[PDB]
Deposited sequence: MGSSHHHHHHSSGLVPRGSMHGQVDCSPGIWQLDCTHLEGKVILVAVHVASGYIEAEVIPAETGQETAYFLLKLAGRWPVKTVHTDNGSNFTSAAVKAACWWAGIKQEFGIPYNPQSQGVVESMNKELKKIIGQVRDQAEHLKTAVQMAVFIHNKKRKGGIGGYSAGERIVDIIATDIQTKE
């Protein structure tokens, strides 16, 4: 179902990576964040929701969505309630970039553009059809 996303944080090099997966396509968005925090999560959701038709969000750690900041973002945006593969791609391009956040975005790109239709194409095809 096309409005369903998964959201979790991983850790790498002492930093936090917020990973969102569009469950039906495998498409990912990610951001390096300073702190694993309610407010960072809330902001990330605001951004994600302005870009895609987000209806529901799941996570493997329910306490992620406990802050009032997160619930207020879900309320306003109308939202209700891969990490090893991405680390794999991060490891392969890690040498090419100084900043982890750069390596993360290179890895997101590679992941979404890989054909093995790509994830980036499936998300768009699934969403257009549903309209």
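Mapping the modelled residues onto the deposited sequence reveals missing stretches at 1-26, 108-123, 159-163, 179-182.
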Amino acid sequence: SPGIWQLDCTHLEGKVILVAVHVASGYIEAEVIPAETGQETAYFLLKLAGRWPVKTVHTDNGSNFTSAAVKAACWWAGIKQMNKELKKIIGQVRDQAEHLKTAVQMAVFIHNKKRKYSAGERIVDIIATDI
From here on, numbers count along this sequence of modelled residues.
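Of the two segments, 117-125 and 21-29, the one listed with the higher mean B-factor is 117-125 (C-alpha atoms only).
Two stretches are in play, 37-45 and 88-96, and the higher mean C-alpha B-factor belongs to 88-96. When the C-alpha B-factors of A69, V54, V104, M82 are read from the PDB record, the largest value belongs to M82.
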